[PDB]
């Protein structure tokens, strides 16, 4: 069965695997450790971007607001922000960079604009997500220490919130569509969930990786002839310097979408 296949995969991999699939045709679910907490790592960047999109529902000028990028703003991984040092980026551009390239400076600028990680958490709560918590900025939110509740959520909570953000009632239509455009244009996920799916399916996703070999992806999936699927795959390991394992996320995706 699917459950037996995921257990075997987890056992052989030497870690802890969390999966939540929602089939929006009938709201059926495939769950595996879906109520356990996992470190989100950069998958949290979806919530920071969405919180700024929510602000833009009531403030037409916001997304074109310019933010200065200085050398001191740069942290450990900033492929887009580094190209704009001593220039500006708009909040929309920062949203795009955080999601499509996982730029950590872009994330921190969004958080600073919102007023801190607690403001991202409050946004999640406003959507009915009582599980999500953001505690730190980038890159320290990727420490992924076993048992640490900081910067964690559960696979099921994240699947439900992602469904609400991209297909449901969380955002007004213009904003919903913008988030979906950004996720579809992700450049970092080729070897993760996408690699376990039919090539012709359309995928929007956000990856994240951190210490303890923590390797995550959250995705919305549009099949060619069926209703969308929402899939969260979280994976973490017991040793701090473990290799990341995008291949395990691809394998899990293949397992839970099979037959269909």
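Residue numbers count along the first chain shown, from 1.
Comparing 214 to 222 with 200 to 208, the higher mean C-alpha B-factor in the PDB entry belongs to 200 to 208.
For the segment pair 30 to 38 and 53 to 61, the entry gives 53 to 61 the higher mean B-factor, averaged over Cα atoms.
In the deposited coordinates, the residue among 172, 75, 145, 110 with the greatest CA B-factor is 75. Highest C-alpha temperature factor among 84, 136, 163, 184 per the entry: 84. The PDB entry assigns residue 16 a C-alpha temperature factor belonging to the lowest third of its chain's modelled residues. Per the PDB record, residue ranking by Cα B-factor puts residue 24 in the highest third of the chain.
Among all modelled residues in its chain, residue 155 ranks in the lowest third by Cα B-factor. The entry lists a Cα temperature factor for residue 89 that places it in the highest third of the chain's modelled residues. Split the chain's modelled residues into thirds by C-alpha temperature factor. Residue 47 is in the lowest one.
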